[PDB]
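Student:
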Ligand SMILES: O=C(CCN1CCN(c2cccc(C(F)(F)F)c2)CC1)c1cc(O)c(O)c([N+](=O)[O-])c1
Ligand SMILES: C[S@@+](CC[C@H](N)C(=O)[O-])C[C@H]1O[C@@H](n2cnc3c(N)ncnc32)[C@H](O)[C@@H]1O
Ligand SMILES: [Mg+2]
């Protein structure tokens with residue numbers, strides 16, 4: 003079997019069904035004591051929680067689901083009627099994420115889009131009845147952060163006030179994206195210093211609020 007399968011099994015045998023909180027703790031425990039995995043983690047996760055609470059978004063778009071850690075993290079805090087759409091190109095990971103959401107009992111709030119962000123973003127308004135996004139969580143391959151941000155803007159998916167939250171702006175780093183948003187008058191950026199998931203290495207999240215053209 004695979005690492006992702008082992009994590010899922012760990013959650014089923016250790017977490018409490020329908021309890022998003024126990025699911026998160028089960029995953030963090032497994033990754034802290036058995037195998038490192040690219041989940042955003044609890045340190046950065048707590049910062050995410052605080053940002054979600056402040057903005058209370060109704061429509062959130064996540065780029066990069068993996069095993070569903072951050073999706074469960076964000077969805078558990080969404081207000082009734084809110085929706086979370088998450089894109090995952092690896093069909094194997096998308097399957098795990100779906101199972102993770104089901105076990106957490108958050109399957110009704112989340113919709114998994116299986117495909118590459120560059121191919122799916124142009125189809126959001128048409129196929130998923132999306133006007134504009136309240137918040138976007140960037141956490142897929144780092145070289146896609148800038149091009150996908152430009153794609154979201156081109157397709158008119160961003161509006162004044164849309165919050166973009168990006169992971170790993172320090173480690174592994176996202177050079178072009180970070181330079182672009184911090185230098186553009188279209189974005190108001192704030193940096194939250196934290197730590198790389200399951201490690202003492204310093205990393206951080208960048209919050210970039212779209213101001214419009
Ligand atoms: O950190 C990485 C990748 C970087 N990598 C260096 C090695 N390191 C690690 C493990 C055990 C042990 C040791 C060592 F033995 F060196 F100590 C090192 C694991 C991590 C990372 C993090 C993310 O949040 C992402 O979204 C993301 N994406 O999307 O690609 C990538
Ligand atoms: C770090 S993992 C996401 C982990 C998740 N954010 C969490 O906090 O647990 C990044 C995911 O990006 C996804 N992937 C990479 N590039 C993608 C793209 N352009 N569109 C969709 N999925 C992509 C990968 O398949 C990978 O599972
Ligand atoms: Mg990450």
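In PDB author numbering, the protein residues as written are 3 to 215. Cβ atoms here follow ideal geometry from the backbone N, Cα and C, with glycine treated the same way.
Rank 158, 14, 34 and 207 by C-alpha distance to the C-alpha of residue 195 and give the top, closest one.
Tutor: Per the Cα distances, 207.
Student: With DSSP as the reference, label residue 33 as helix, strand or coil.
Tutor: Of the three classes helix, strand and coil, the one that applies to residue 33 here is helix, per DSSP.
Student: Sort 191, 161 and 164 by Cα distance to residue 171 and report the nearest one.
Tutor: Looking at the Cα atoms, 191 is the closest of the given residues.
Student: Assess, as a yes-or-no matter, whether the segment 97–111 is touched by the segment 140–150 under the definition of 3 or more beta carbon pairs within less than 8 Å.
Tutor: Contact fails: fewer than three Cβ-Cβ distances are below 8 Å.
Student: Let me know the secondary structure DSSP gives residue 137 once reduced to three states.
Tutor: If DSSP states are grouped into helix, strand and coil, residue 137 belongs with the strands.
Student: Would the segment 82–90 and the segment 25–33 be scored as touching if the rule is three or more Cβ pairs under 8 Å?
Tutor: No, they do not touch.
Student: Express the C-alpha separation of residue 186 and residue 82 in angstroms, rounding to a whole number.
Tutor: In a straight line, the C-alpha of residue 82 is about 34 Å away from that of residue 186.
Student: Of the choices 3, 152, 205 and 120, whose alpha-carbon is the least far from that of residue 174?
Tutor: Checking every option, the nearest Cα to that of residue 174 belongs to 205.
Student: Got a sec? Which residues, its chain only, sit under 6 Å from residue 112 by beta carbon, not counting five neighbours each side?
Tutor: Closer than 6 Å at the Cβ level, and outside the excluded window around residue 112, lie 73, 77, 86 and 103.
Student: Just confirm the distance between the C-beta atoms of residue 67 and residue 114, as a whole number of angstroms; I'd bet it's less than 8 Å.
Tutor: About 7 Å separates the two Cβ atoms, so the contact holds.
Student: Once DSSP output is grouped into helix, strand and coil, what is the label at residue 155?
Tutor: It is helical.
Student: At a cut-off of 7 Å, is residue 170 close to ligand 1 when judged by its beta-carbon and the heavy atoms of the ligand?
Tutor: It does: the Cβ of residue 170 is within 7 Å (strictly closer) of some heavy atom of ligand 1.
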